[PDB]
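Listed next as structure tokens is one chain, alone, in the form deposited in one PDB entry.
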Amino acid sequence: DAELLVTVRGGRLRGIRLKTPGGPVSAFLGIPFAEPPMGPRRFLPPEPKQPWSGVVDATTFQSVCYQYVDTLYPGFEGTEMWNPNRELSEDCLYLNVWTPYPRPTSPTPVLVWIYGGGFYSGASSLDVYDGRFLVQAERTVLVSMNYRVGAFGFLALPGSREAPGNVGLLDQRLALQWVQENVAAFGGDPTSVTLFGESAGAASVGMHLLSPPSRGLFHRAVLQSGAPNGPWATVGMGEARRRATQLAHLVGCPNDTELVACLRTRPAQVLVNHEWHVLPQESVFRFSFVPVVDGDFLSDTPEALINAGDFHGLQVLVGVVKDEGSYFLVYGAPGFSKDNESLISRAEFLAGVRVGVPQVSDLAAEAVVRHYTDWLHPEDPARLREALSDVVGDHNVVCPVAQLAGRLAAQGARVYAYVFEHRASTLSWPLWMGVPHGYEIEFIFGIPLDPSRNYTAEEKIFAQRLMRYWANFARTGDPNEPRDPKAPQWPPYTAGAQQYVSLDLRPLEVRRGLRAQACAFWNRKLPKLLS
């Protein structure tokens, strides 16, 4: 097949035809975009891939970046669906391109996916990120890349040349430069690039928005369930140095240069084994090696750059799932488990707040408890279970997203906002978790269209609607149908009105205020109290 041969700047590629019920797609999987960041290049910014002779076979997903493997529930679908599904390697900087068949004769908009996983995990090869249904349905081009995670991507000894930090974000930036240089060979339009990502992938999209060298590489952004101003998404230089130094001592090391030089001698898995030990306190939704406010990739804190930024000419689509917190509770909140109803005592709730809002004063913890307590039913196990879910979801995702969305809309950007409220019929997590973090992704990617799976007919329709919204936004910056001269069915989000839509089997509903009461607490009152 002629459409499976493509020449990019580094040389020739051979892709693979992929099937869907609607029609075939052409896929180029495992394209090397950087030199393998191994041995002496561990912890260093990525270097462009050198050209090659002959043909790179591009028919298989390439290795996953070295990372921790979850073993909370071995074999359970709800956790395994996020675990590596290829071998781990430091040789992992590869990207993937899905393009319509036949290849577009006029350049089509490009969606660039950045996976999440708390900056410690993730892979572009997970089945739930299968680009074929999106591309077939709406005939955009889809790119996804691997980027280094954990210590390999974000260990930072700030101010040093040997571990400057943020190199996982530089991996993403290099892949975006690769798209600028090469996506036209696949029929993509390098002048119409929309970044989209979930969780740490959303936070990453946010950091490119705020970093001038990345900002020229794309035109629009989708932030699903994450934000660069989240309390987990960045660390200070002092804390970053403290975690890297503690990691070095836990592996036996041993002067910045000598420290990193010793870290480079240890096998990858040895670093991974100690990754969690460097967190200071017991927590959920906290990760050891994350982007560092270095004065380089980020000139200032994400909060400062958001408040100071001019965002005219930008369109942004942002959103959250209905139960952002629940997934994280089984990772350390006492009384919680996927295997029962997790109907917790008030004692367990008070202990859960300390894990759910780690390293905060007794004074702040009291305010949190009071805000989230119904003092007429302070002991009700169901209310307490939901309240702790809200504590974790609001503090880590929803209020950081609401804050960013308001500042963007107020400062020039056009913003659309959603809450995803449909619980998949195939969802393996228990019913008390609701619509948890990560479980809109399979609908955005049209996974219900896969005949090998068991979704309902209405869920297949819902997936097609969502692919249409996302592709409308990629094409025009506007999820509404372009031919519509009526007032928008999905209205912009504004700092004052705060309109957003519910995404469910039902038609769109406009609502206002993304949990405005909770986010007044986290973004205004709680800061003022501790001030």
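Don't overthink the numbering: it's just position in the shown sequence, from 1.
Just so you know, the form deposited with a small molecule bound exists too; it's not on screen, but the next bit is about it.
**Student:** Which of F218, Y120, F445, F196 has a heavy atom within 4.5 Å of the small molecule in the deposited bound form?
**Tutor:** The option sitting close enough to the partner is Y120.
**Student:** Tell me, which of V284, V316, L263, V391 has a heavy atom within 4.5 angstroms of the small molecule in the deposited bound form?
**Tutor:** By the 4.5 Å criterion, the partner-contacting residue is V284.
**Student:** Residue-level contact is defined here as any heavy atom of the residue lying within 4.5 Å of the small molecule in the deposited bound form; does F328 satisfy this criterion?
**Tutor:** Output for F328 is yes: heavy atoms within 4.5 Å of the small molecule.
**Student:** According to a 4.5 angstroms non-hydrogen atom cut-off, is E481 in contact with the small molecule in the deposited bound form?
**Tutor:** Output for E481 is no: heavy atoms all beyond 4.5 Å of the small molecule.
**Student:** Check whether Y68 has any heavy atom within 4.5 Å of a heavy atom of the small molecule in the deposited bound form, and answer yes or no.
**Tutor:** Close contact exists here: in the deposited bound form, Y68 approaches the small molecule to within 4.5 Å, heavy atoms only.
**Student:** Which single stretch, out of 456-464, 93-101, 412-420, 285-293, brings residue heavy atoms within 4.5 Å of the small molecule in the deposited bound form?
**Tutor:** Partner-contacting stretch among the options: 285-293.
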